[PDB]
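What follows is a short report on a single structure.
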Amino acid sequence: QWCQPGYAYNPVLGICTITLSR
């Protein structure tokens with residue numbers, strides 16, 4: 001359960017997804 005920078009951990013999906021917070 002580790003997400004690379006620029007990605008936010010998603011518990012619903014169970015995987016890391018990209019995010020821009022904008």
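FYI, nothing fancy with the structure tokens labels: chains A, B, ... in order, residues from 1 per chain, ligands from 1 as they appear.
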
DSSP strand (DSSP E) selection over chain A, as a compact mmCIF listing (two decimals) with N, CA and C atoms, in the first residue's frame:
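Below is the file that was written, out-v4.txt:
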# COMPACT_ATOMS: atom_id res chain seq x y z
N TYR A 7 0.34 10.85 -6.65
CA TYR A 7 -0.75 9.88 -6.58
C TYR A 7 -1.28 9.78 -5.15
N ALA A 8 -2.60 9.65 -5.02
CA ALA A 8 -3.23 9.53 -3.71
C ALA A 8 -3.82 8.14 -3.53
N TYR A 9 -3.56 7.54 -2.38
CA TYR A 9 -4.07 6.20 -2.10
C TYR A 9 -5.59 6.20 -2.05
N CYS A 16 -3.51 2.96 -6.01
CA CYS A 16 -3.14 4.37 -6.05
C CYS A 16 -3.64 5.01 -7.34
N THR A 17 -4.18 6.23 -7.24
CA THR A 17 -4.68 6.94 -8.41
C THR A 17 -4.07 8.33 -8.49
N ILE A 18 -4.00 8.86 -9.70
CA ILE A 18 -3.42 10.18 -9.92
C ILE A 18 -4.36 11.27 -9.41

(request) Write out as a PyMOL selection string the residues lying within 12 Å of residue 11 (chain A), counting only C-alpha atoms and excluding same-chain residues fewer than 6 positions away. (result) chain A and resi 1-3+17

Hey, can you spit out that residue selection with C-alpha atoms as a CSV table (one decimal), in the first residue's frame?
chain,number,residue,atom,x,y,z
A,1,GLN,CA,0.0,0.0,0.0
A,2,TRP,CA,2.4,2.7,-1.3
A,3,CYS,CA,1.6,5.5,-3.7
A,17,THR,CA,-4.7,6.9,-8.4
